[PDB]
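Residue numbers (PDB author numbering), protein chains in the order written: chain D, 1 to 385, 394 to 441; chain A, 1 to 385, 394 to 441. Worksheet: one structure, shown below.
Number of protein chains: 2
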Amino acid sequence: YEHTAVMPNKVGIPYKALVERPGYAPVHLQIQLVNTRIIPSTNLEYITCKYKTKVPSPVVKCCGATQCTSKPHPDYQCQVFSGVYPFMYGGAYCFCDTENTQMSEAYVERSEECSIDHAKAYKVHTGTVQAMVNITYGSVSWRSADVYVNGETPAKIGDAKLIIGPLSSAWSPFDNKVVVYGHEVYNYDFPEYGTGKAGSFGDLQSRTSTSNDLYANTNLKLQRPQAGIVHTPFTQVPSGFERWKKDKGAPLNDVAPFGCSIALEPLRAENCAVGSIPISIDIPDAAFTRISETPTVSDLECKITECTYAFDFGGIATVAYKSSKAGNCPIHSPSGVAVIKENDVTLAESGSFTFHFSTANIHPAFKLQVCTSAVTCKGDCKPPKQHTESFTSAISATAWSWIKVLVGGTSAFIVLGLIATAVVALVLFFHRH
Amino acid sequence: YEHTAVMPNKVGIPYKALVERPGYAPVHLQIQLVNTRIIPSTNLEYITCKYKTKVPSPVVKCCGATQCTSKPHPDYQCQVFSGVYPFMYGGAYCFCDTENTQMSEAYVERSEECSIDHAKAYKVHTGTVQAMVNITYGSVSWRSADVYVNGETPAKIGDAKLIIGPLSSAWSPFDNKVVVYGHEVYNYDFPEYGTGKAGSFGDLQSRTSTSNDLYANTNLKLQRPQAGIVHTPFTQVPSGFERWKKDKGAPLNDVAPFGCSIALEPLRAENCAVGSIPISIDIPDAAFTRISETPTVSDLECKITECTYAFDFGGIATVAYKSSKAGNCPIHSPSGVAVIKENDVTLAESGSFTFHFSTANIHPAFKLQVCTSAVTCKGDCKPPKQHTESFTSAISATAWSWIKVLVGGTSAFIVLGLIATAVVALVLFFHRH
């Protein structure tokens, strides 16, 4: 036998159902979520880090001059200078005349620490949905298994079959472009493909983790050495990666709506509570029993002792009962005005017991069924003072309803009386002739 | 200096442009596509192949009976039978009484040939676009390079800079789900995630290439052995993979519109001709020259010898000319009514030469410019008899235009004459008083 329903999506709150199979004793099942792990479909774009400039040893000549050539290197540079007359330690200083020799080539490549800290850019698409569920029905204990979310993929837990999803909404917390660094992500929605920005966020963009091309600029510039001392001055913009490190905005894990964290490795967006789920479960037929083996329940009386609406179980009521024989059978509230803390209760001859429940209404009016038997427990008013409540404009109190019906009735009475008087006046004239 | 335009997308047809830089001699450039390789973004779902059933050696006993247990195997089976009294070669036949012993377990797993032929399911998203271009301008020879397609990514070819794309249309030949087998693909838009179909297309669905789970059924069934001979009969549905192999529909590479083939390895959808492209190129300023170094062109006269509109170059015309000095400078037709087969021509003093061109109009009216000088060559009518033609309702012939203007003028004349006569009649009466 199988059963279908719709369950609101929330990680903590359980769900209690009571399946009916005519000619058999009812069975109740209890299902509770543990996770909701949205997973997107992603691909890498490139990585970036802090750069480093290196310079090979320059070359000079005691006389004459040479010319430098351009080589295929990322932001390669070379240039020549004139009239050096250099100097060395206790040396002849490598000059006798106008020198006019200087190489001063410059060279850019990735840093040695790029292997550890490095932003990554990504493109994002919808991807899959999956969760995990802990289950218990009849007398079987807690059983847990995971399952995808779509109205097609079965999964067996113990001896039951499950078909859940798809979700009621297509909402997601990600955008088309994201960036991942260190431990968290950001909606830095505008990386750049091949165009750097002279050190704003892209100035060293390795297409892969160990590529050999860095299609971005650093605005490197050379300078003329002075005072005849062998060195290679230069100048360049400071790395923009540092600047973005200093001015990162709010990380996504502190702005996501609906209160859902963000794991890293699969880009899990866990627990993001929204909407409802269509559920459909089948239980084996070996867990039912003949309807003539259960104690018949009759002569019921439910009395409300004390209650108060709060996020915890703040309601207690008692029931008096006349049994057929001793046994145990479950209890449940099909209506949603109040939730029943208890699930199943034992019964003795001439039963009389109590339970617990939460609610959200001043005057609870919930009606419960037990052991194939109905009973209304209209309760009373409860004093005022995270968990399952309705809050469906059903808080109109006795005085509130009293006043509203009073004013409506008064308005109706006066208008109808006036309408009657109009035709009362008219019919006289209609009779005068 | 840089130049921008829009070019129609077609693999073969080249594109000739003539950049102008005031105070300099014009330069013409020639750009020609070689490819257009749409690439989608894809991820694997599972693979499938033909299955195979194996059976371990069954166990019997000369007396008594045993019971078989269920093991965690894909579509595991076991069962027991009664009263065997089996037989063997020249043996005692392993019986003295009612045997009632039979194991006959069955077992399903992948075939040994699954490693080679196996369908794969995929999910598809937009992905990137890229192409390759062969370039030539001024006097530089043919140069070729590839480049992505977006209005952001530069690529340098020789000494020029390129920025092309994005495309004029977002059309694609793929759907959300595709299947790849052997050499080609199909829009078999409905694979199945975890639910088999007892041998229709999914009956052995390994989540990966070498997974250890096969979440699909084959409707395996056992049978009772007869005549006391040691064997394990059974029955099952034939593999549905074979059936789909026999009844594959039209492969995609024979139904794709717009005439574009399908490579395999990256799922390239090459050459799919559609729409136009915004182009923007910059040439170095070292390829211009002062406007006072080119031969001045004056006293032009263009004469059309013979032409006929066909997909090849079927038009020839001659030009007489009076030069300033010998030299070479290009020729071009800014208008699109006709295309010029030639690109640049030499000039001698008192020039007079010819060229070739295609067209698509009965009365070509194209006007060409040469060497910083304009000339109209109104041509004449050409006799009737893959390449760049307009076909823009501009085929109205001389007789056609004659008749149309005749009928329009006649209708206008008669209606206006009648309108005039109306007020002519009216004004008389307006004058009678």
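Don't be surprised by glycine CBs; every beta carbon is placed ideally from N, CA and C.
Alpha carbon to alpha carbon, how far is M7/D from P278/D? Give it in angstroms, no decimals. In the first sequence, the residue the question calls residue 278/D occupies position 278. In the first sequence, the residue the question calls residue 7/D occupies position 7. Straight across, the Cα-Cα distance linking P278/D with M7/D is about 6 Å.
Check the Cβ of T153/A against every Cβ in chain D and list those closer than 8 Å, keeping chain order. Taking the first residue of the second sequence as position 1, residue 153/A is located at position 153. From the beta-carbon of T153/A, the residues of chain D found nearer than 8 Å are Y193, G194, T195.
Using a threshold of 8 Å, state whether the C-beta atoms of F258/D and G315/D are closer than that. As a working mapping, residue 258/D is identified with position 258 in the first sequence. As a working mapping, residue 315/D is identified with position 315 in the first sequence. Going by C-beta atoms, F258/D is not nearer than 8 Å to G315/D.
Which chain D residues are close to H125/A, counting only those with a beta carbon under 8 Å from its beta carbon? In the second sequence, counting from the first residue as 1, residue 125/A sits at position 125. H125/A reaches chain D at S41, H125, counting residues in chain order whose Cβ is nearer than 8 Å.
Keeping to the same chain, check which residues put their C-beta closer than 6 Å to that of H363/A; ignore five residues upstream and five downstream. Counting from one through the second sequence, the residue named residue 363/A turns up at place 363. Contacts found: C381.
Using 8 Å as the limit for Cβ to Cβ distance, is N150/D near chain A? As a working mapping, residue 150/D is identified with position 150 in the first sequence. With its beta carbon less than 8 Å from one in chain A, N150/D belongs to the interface.
Same chain, Cβ closer than 6 Å to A402/D, five either side skipped, listed in chain order: Here residue 402/D refers to the residue found at position 394 of the first sequence. Excluding residues up to 5 positions away in sequence, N361 lie with their Cβ nearer than 6 Å to the Cβ of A402/D in the same chain.
Classify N253/A as helix, strand or coil using the three-state DSSP reduction. Looking up residue 253/A in the second sequence gives position 253. Looking at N253/A - three-state DSSP - the assignment turns out to be helix.
Would you kindly work out how many angstroms separate the C-alpha atoms of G90/D and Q102/D, rounded to a whole number? Taking the first residue of the first sequence as 1, we reach residue 90/D at position 90. Taking the first residue of the first sequence as 1, we reach residue 102/D at position 102. For the pair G90/D and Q102/D, the Cα-to-Cα distance works out to about 21 Å.
Give the range of the alpha helix (DSSP H) segment to which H439/D is assigned. Position 431 of the first sequence, counted from the first residue, corresponds to residue 439/D. Segment 406-440, the alpha helix (DSSP H) holding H439/D.
Going by DSSP, name the residue or residues bridged to residue 393/D. Coordinates for residue 393/D are simply not present: the residues of chain D run from 385 and resume at 394.
Whole-angstrom Cβ separation of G199/D and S239/D, contact assumed at under 8 Å? Within the first sequence, numbered from 1, the residue matching residue 199/D stands at position 199. Within the first sequence, numbered from 1, the residue matching residue 239/D stands at position 239. Their Cβ separation, rounded to whole angstroms, is 6 Å, which keeps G199/D and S239/D in contact under 8 Å.
Taking the runs of the beta strand (DSSP E) that are 3 residues or longer, which of them lie wholly in the stretch 49-110 of chain A? At a cut-off of 3 residues, the continuous stretches assigned as beta strand (DSSP E) that sit fully inside the stretch 49-110 of chain A are 51-54, 107-110.
Could you check which residue in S398/A, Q369/A, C371/A, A374/A has the C-alpha nearest to that of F311/A? What you label residue 311/A is simply residue 311 of the second sequence in a count that begins at 1. Nearest C-alpha to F311/A: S398/A.
Where does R21/A fall in DSSP's three states? Your numbering for residue 21/A matches position 21 in the second sequence. Correct three-state label for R21/A: coil.
Should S352/A and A320/A be called a contact, given that it needs their Cβ atoms to be closer than 8 Å? The residue labelled residue 352/A in the question sits at position 352 within the second sequence. The residue labelled residue 320/A in the question sits at position 320 within the second sequence. Cβ atoms of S352/A and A320/A: closer than 8 Å.
Helix, strand or coil for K382/D? Go by DSSP, reduced to three states. Here residue 382/D refers to the residue found at position 382 when the first sequence is read from its first residue. Note: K382/D maps to coil in three-state DSSP.
With DSSP run on the structure shown, which of helix, strand or coil describes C302/D? Counting from 1 along the first sequence, the entry for residue 302/D is found at position 302. Strand at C302/D.
Taking 8 Å as the cut-off, decide whether the C-beta atoms of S276/A and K322/A are in contact. To locate residue 276/A, count along the second sequence from 1; it is residue 276. To locate residue 322/A, count along the second sequence from 1; it is residue 322. No.
For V11/A, which option in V274/A, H3/A, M88/A has the closest C-alpha, if you only look at C-alpha atoms? For the purposes of this step, residue 11/A is taken as residue 11 along the second sequence, with counting starting at 1. Ranking the options by Cα distance to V11/A, first place goes to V274/A.
Between the Cα of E342/A and those of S261/A, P14/A, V140/A, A420/A, spot the shortest distance and give me the residue it belongs to. Residue 342/A sits at position 342 when you count from the first residue of the second sequence. Taking only the C-alpha atoms, the option nearest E342/A is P14/A.
Could you pull the start and end residues of the beta strand (DSSP E) that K10/D belongs to? Taking the first residue of the first sequence as position 1, residue 10/D is located at position 10. That residue, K10/D, is in no beta strand (DSSP E); it is neither H nor E in DSSP.
I'd like to check one pair, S41/A with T153/A: are the Cβ atoms closer than 8 Å? Walking along the second sequence from the start, residue 153/A turns up at place 153. Walking along the second sequence from the start, residue 41/A turns up at place 41. Against a cut-off of 8 Å, the Cβ pair of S41/A and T153/A comes out as no contact.
Nearest to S111/A by alpha carbon, out of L204/A, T136/A, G165/A? Your numbering for residue 111/A matches position 111 in the second sequence. Checked all of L204/A, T136/A, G165/A; the closest Cα to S111/A is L204/A.
Unbroken alpha helix (DSSP H) run spanning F241/A, endpoints: Along the second sequence, read from residue 1 onward, the residue named residue 241/A stands at position 241. For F241/A, the uninterrupted alpha helix (DSSP H) run begins and ends at 240-246, by DSSP.
For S115/A, the three-state DSSP class (helix, strand or coil): Against the second sequence, residue 115/A aligns to sequence position 115. The answer is helix: DSSP assigns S115/A an H, G or I state.
Please report the Cβ distance between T305/A and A287/A, rounded to the nearest whole angstrom; I am assuming they are in contact, meaning their Cβ atoms lie under 8 Å. Against the second sequence, residue 305/A aligns to sequence position 305. Against the second sequence, residue 287/A aligns to sequence position 287. Incorrect: roughly 35 Å between the Cβ atoms, too far for contact.
For the beta strand (DSSP E) containing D282/D, name the first residue and the last one. Within the first sequence, the letter at position 282 stands for residue 282/D. Note, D282/D: beta strand (DSSP E), 276-282.
Are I411/D and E2/D touching if we call contact CB-CB under 8 Å? Here residue 411/D refers to the residue found at position 403 when the first sequence is read from its first residue. Here residue 2/D refers to the residue found at position 2 when the first sequence is read from its first residue. Not in contact: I411/D and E2/D (Cβ atoms no closer than 8 Å).
Hey, out of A216/D, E301/D, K221/D, whose CA is closest to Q77/D's CA? Numbered from its first residue, the first sequence carries residue 77/D at position 77. When each option's Cα is compared against that of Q77/D, the closest is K221/D.
When the Cα atoms are used, what is the spatial distance from residue 389/A to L414/A? Residue 389/A cannot be located in this model; chain A continues from 385 straight on to 394.
Does DSSP put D285/D in a helix, a strand or coil? Locating residue 285/D in the first sequence gives position 285, counting from the first residue. DSSP places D285/D in helix when its eight states are reduced to three.
So what does DSSP say about residue 392/D, is it helix, strand or coil? For chain D, the structure lists 385 followed at once by 394, and that leaves residue 392/D out of the model.
Would you report the Cα separation of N134/D and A269/D, rounded to the nearest angstrom? The sequence position of residue 134/D within the first sequence is 134, counting from 1. The sequence position of residue 269/D within the first sequence is 269, counting from 1. In a straight line, the C-alpha of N134/D is about 20 Å away from that of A269/D.
Using a 10 Å radius around the Cβ and a threshold of 16 neighbouring Cβ atoms, would you call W171/A buried or exposed? Along the second sequence, one-based indexing puts residue 171/A at 171. That one is exposed.
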